[PDB]
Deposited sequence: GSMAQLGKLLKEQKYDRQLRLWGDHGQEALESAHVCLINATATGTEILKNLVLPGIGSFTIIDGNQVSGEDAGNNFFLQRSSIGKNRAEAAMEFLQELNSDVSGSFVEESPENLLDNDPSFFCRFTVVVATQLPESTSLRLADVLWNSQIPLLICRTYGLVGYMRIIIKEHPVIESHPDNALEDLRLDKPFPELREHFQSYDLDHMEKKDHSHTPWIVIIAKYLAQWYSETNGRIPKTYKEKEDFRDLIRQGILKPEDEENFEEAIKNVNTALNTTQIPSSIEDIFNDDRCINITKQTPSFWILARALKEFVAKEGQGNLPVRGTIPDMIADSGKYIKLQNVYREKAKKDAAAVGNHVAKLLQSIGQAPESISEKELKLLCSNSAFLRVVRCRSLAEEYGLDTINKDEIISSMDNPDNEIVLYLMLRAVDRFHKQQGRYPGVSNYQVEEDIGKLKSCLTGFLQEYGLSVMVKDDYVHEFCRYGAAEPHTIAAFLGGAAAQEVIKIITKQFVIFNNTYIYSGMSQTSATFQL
């Protein structure tokens, strides 16, 4: 069944293999994810990781299954009531995918922290859910000092809270949506001028050539390279339209007319890339410098030398109605150039490995090809620590204060969470859990709010309606809100494992009430 499982997976994961590829699937199947507290939020997140084929998982839960537990969890049942939740959840989650290996530990995270702190060292990523403030901060420290990626997720009433913690997460394959093409019309390369010069059928020429034609013409008069959209770009559009004559050519020239707004586009190093280049880790190498920065540096070198100020040509171009032969020859000019610059970048990568003796080819040819294709799309995310967020002098109070300018910004929801946790510390229970404790808990909740705010010198105005609403929640974990957070959280974990796409930086707050959300850098 060895190969009947190889293709069995190919067909099973086809819809997703088309998103992150075979390499992404591989990273995923090699990972081991840990989940703390299998209630609705955790099994939802986990199911979204198990269906796509996460290598393995281990649930950590020391609680027993409650009635309301079995009432809001698709992976628990009436018969599970009274038994260990971690154990009960795995059995059902495991049924979702046999290519995944489930596991659990009937202990509490606090317990595993006291006895076996290194226990969490075995996971690719740790996802914690429904955790109290103290357990979180304590869990953050260990994991932060262990270089272990952490995602804290919490569902409270109609609020979804997600917090990711990774010291550094460098990504090459960020999959940019609607990126500007690297057409080089403003900074043509020899082969490109050559290809264009080769012109002077007419109704079936790549628009890129129709533009270059008039670009050389326009640039020969005013000598301006055209940033004025409507202005040097609308006259340019008109100029191009003129050359049709009796041509039932429009379709050709017209398509040239449309892209004029997206192709005169300059060539230029993206701001995000500058910062990667001018970053301490790109400038100061060592034997410890991870493959990413070596590749970052090589790219910086290229921009200095062979690149003549710019990044290696991408290699791809959009489709363009045009005779097959014309389209292909044009495309090949770009592919050739792309291959050419890539090699140059390879030459720099070697000269960096040697002056580090790191290795001969500790970077496959495929990685080099990937890097150059995505040179304009590299991203780097550095998350603060939970300690930094909690510290009295480190807390980004400006962000909070400024956001609170709007009394309904979803940052109030984060402030209320903090107050709920403090209430749980002071009272040993959550507010309003009982229809009877609501009215009375409002005041005690407002009290803990005021205290939390004064403790940080946060001069913000939190409307009473939110304290009332948070008490009304009774610490519920509504399934549909847990499901929302579960899809969101799940994909962020897949982003961590695969290092594909871009993870949200810091806190994501979701409001099921207004179906709105926001991201913050706390």
item: Sequence ranges absent from the coordinates, based on the deposited chain and numbered from 1; value: 1-2, 203-209
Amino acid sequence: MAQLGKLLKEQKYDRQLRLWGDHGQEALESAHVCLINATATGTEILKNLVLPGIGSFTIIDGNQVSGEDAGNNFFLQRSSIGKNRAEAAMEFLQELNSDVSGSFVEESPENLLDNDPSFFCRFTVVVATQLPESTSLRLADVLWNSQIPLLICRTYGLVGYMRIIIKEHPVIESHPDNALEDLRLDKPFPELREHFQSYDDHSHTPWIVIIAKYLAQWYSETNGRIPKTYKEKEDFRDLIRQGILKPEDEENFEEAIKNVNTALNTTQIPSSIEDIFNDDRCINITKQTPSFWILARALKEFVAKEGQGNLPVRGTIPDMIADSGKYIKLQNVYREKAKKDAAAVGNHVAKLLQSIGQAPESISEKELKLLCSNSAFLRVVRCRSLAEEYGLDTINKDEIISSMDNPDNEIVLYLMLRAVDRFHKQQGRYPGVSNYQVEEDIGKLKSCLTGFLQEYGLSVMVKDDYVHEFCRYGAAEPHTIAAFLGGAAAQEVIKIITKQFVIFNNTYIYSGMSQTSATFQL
From here on, numbers count along this sequence of modelled residues.
property: Residue stretch of maximal mean CA temperature factor, 335-343 vs 358-366; result: 358-366
property: 222-230 versus 394-402 - which carries the larger mean C-alpha B factor in the record; result: 222-230
property: Candidate set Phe92, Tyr214, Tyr327, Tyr156 [ranked by C-alpha B-factor, highest]; result: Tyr214
property: Criterion, highest CA B-factor; candidates, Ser385, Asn284, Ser134, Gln130; result: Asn284
property: Position of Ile166 among the chain's modelled residues by C-alpha B-factor, lowest, middle or highest third; result: middle
property: CA B-factor placement of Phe292, once the chain's modelled residues are sorted into thirds; result: middle
property: Among modelled residues of the same chain, the CA temperature factor third for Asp249; result: highest
property: Chain-wide C-alpha B factor ranking for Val313, given as lowest, middle or highest third; result: middle
property: For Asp177, the third of its chain into which the C-alpha B factor falls; result: middle
